[PDB]
Amino acid sequence: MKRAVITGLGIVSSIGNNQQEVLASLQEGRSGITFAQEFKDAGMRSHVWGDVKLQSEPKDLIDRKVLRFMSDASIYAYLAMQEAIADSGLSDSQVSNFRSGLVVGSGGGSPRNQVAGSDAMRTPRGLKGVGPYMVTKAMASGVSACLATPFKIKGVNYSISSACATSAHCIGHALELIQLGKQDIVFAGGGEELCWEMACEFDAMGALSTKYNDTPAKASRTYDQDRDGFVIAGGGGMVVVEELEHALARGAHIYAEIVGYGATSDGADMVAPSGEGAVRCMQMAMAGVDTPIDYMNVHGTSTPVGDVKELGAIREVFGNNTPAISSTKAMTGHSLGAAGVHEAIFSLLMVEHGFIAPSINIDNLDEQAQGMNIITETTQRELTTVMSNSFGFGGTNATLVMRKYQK
Amino acid sequence: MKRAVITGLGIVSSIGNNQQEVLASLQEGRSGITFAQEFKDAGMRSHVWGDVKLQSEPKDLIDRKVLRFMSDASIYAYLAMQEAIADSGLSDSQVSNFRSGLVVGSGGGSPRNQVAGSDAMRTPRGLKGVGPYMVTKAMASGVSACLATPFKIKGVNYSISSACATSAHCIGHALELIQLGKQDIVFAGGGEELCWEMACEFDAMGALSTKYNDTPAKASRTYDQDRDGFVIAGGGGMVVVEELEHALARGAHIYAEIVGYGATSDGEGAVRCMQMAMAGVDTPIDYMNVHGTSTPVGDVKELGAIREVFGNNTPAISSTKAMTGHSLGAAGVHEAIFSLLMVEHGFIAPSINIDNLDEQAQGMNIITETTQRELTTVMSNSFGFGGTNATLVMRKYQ
Ligand SMILES: [K+]
Ligand SMILES: [K+]
């Protein structure tokens, strides 16, 4: 059946606002984590975040007619999509085409705008204080709605949401649409705002790191024995998924082919992973792939329970004969809705540039990871096939396998 | 290619908490719209809603351990899913199976819980006030996560959100998963809470009815010249989408086959959506459940698209929204369910409150009185804000 390739990428993250900045950070093993005064001021225990530091204010980067409908998740996704379109070399007639779609999601929509609106409604500002653009800022589908219009998308247009797996499921579904022969191009990705309004929910459940506020760059430390929760982050990412013959026909640059996609459910525990659903997810994505997995960008968020469940799943699939492993979250933080596309992009850059980004802050490796091929220093290596895992709350799992395209 | 059929349904809506109640409402042309004191107290202009009227509090209907993680959208979808599982006749090993999945969405997730959490942080209780179950209540995917865990779903598990089209895309995607040979069963639907926190956003953009607050049952009036906005509603709905051979082999009751699914974007989009869903369908469209939410511009845009596809030679047409209001995330699955009941029971629900037909609908086959009729193929449109379109075509299984 039809094959899908990635021909363009765009990204706004805690370690870079475009692929050049991100590539440099990945090669340097640079942390994007910083102290979050906003969180301290809000009364939270976690005072660290993977913040997006844009070059200018959004009003100076995006047309006001487009910007008036957006929450930060949409701003990030939009900037990422502009980059991806430029990178892909697509013309307006290919971006706006009956066979070109958009599948982009957010894990949380926009609690900041939602709260701003509800606060205004409870003051004399009333309905005028809410404003007429709140629906696109606050609804769950905001990120797809805010992008479909400005780019004049004519194909599919919707959001997939699934916590940490959100944008991984978006990319996988783009593969499915290409496989079904329904679309030739699908812009897939996600966005996530960074705010105390949403972050406090995670802190209230004890999911966030709180013991490293004085040394922010050391807080996120996947697979380290002294990890104490993830570091919340924001951002956006977009990849241009394209049917193979269509990409070849126009002379597109092919980063990789999406050769595997797994999507499963744990059917147990509402907040932490069970490992068994993760095992099936990895196995499903590896089905039919006739090459070994050279590198894997783990889900590994730096939580005590979560990291261990994933390691157990990895051992069930590969024993100690694992692919090279690193958690980029140790550097970037957990960007929730944007995590899947961010990590797919980090993996594509490692493939394109022949290197493995280090898994930082591992002072003492968790015993469950002993024996595995954990990379802790930037390593040059020819990577052919890569895998990226995304296991979100509610027991939802996604795994993508990508491979260099053989001309 | 694999074929998909619907073998079970469940529903919580403004016109009924089960299929028998919903059927009676549809046949009688009964409005589910009532006066919303909550909206008046909030300072909104629209004081009408399609409220879900559960007799009991959710704590008396759902296990306490499961309920702690849920927002109202999840509560409604969960109850709809219980009804669907029961209706489907599926065994526990078919509900919890590697080849059985769940694709359920919500238009807004839980604005009430996003606000409740933030309000708590601003009080002395702080983090303790927020509590540890707020993420599952407030996250966009809450409605899929809160059902996947308790029903022990092992297959796909995620939400699709697209405003008014949400649950229609969920059903269409269930069909795609069956077609790809990835799942044998997919529980598809949606849920939406009813709350001023979200409703005021619609009132703020002038999309809600505000001139018929003194006669709520007459506020939602799709295709009527004096319509002035939609009436917001809440609820949940779920359908069991199943691969054909699998349904036949277990002796399932088959409501209909999903023979078409279109999904497009405006960027004519509606026309293309309808045409896509009708591709390969070798029978005429007997009845169409329109998107028609009762907005001045929206209704005319849809009428224009219908006219482009069918001219005046349209299938029989009615808007059940005139009775139920607009349930956003749950609208697609609710309307799919109403259409299946019309097929199963051989009748066309009336499009009520049309005192003066909009000039743009002149010549079309708009049904305004309940009509008994053998329906074989039906279509349901869901054209949501953001220019996202979904159309489903279902047909009796021969
Ligand atoms: K990953
Ligand atoms: K409809």
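Computation of the quantities below employed the complete heavy-atom set of this structure, encompassing side-chain atoms and omitting hydrogens, waters and symmetry-equivalent molecules. We name chains A, B, ... by the order of the sequence lines, and we start the count at 1 in each one. Note that ligands are numbered from 1 as they come in the structure, with each ligand's atoms numbered from 1 the same way.
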Side chains of A/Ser359 and A/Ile375, heavy atoms from C-beta outward: is any pair under 4.5 Å? no
Take the K ion (ligand 2) as the vertex and measure to O of B/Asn289 and O of B/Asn381; round to 10°.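 Once rounded, the angle between the two atoms at the K ion (ligand 2) is 90°.
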Is A/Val298 close enough to the K ion (ligand 1) that one of its N, O or S atoms comes in under 3.4 Å?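 For A/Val298, the answer is yes, given that an N, O or S atom comes within less than 3.4 Å of the K ion (ligand 1).
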Do A/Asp366 and A/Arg227 sit within salt-bridge range, that is, some charged N less than 4.0 Å from a carboxylate O? yes
Atom nearest to the K ion (ligand 1) - A/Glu343, N, O or S atoms considered: OE1
Crowding at CZ, A/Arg403 (>12 non-hydrogen neighbours, <6.0 Å): yes
Give a yes-or-no answer on whether the side chains of B/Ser162 and B/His169 include a donor-acceptor pair shorter than 3.5 Å. yes
Check whether any N, O or S atom of B/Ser380 sits under 3.4 Å from the K ion (ligand 2).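 Yes, within the cut-off.
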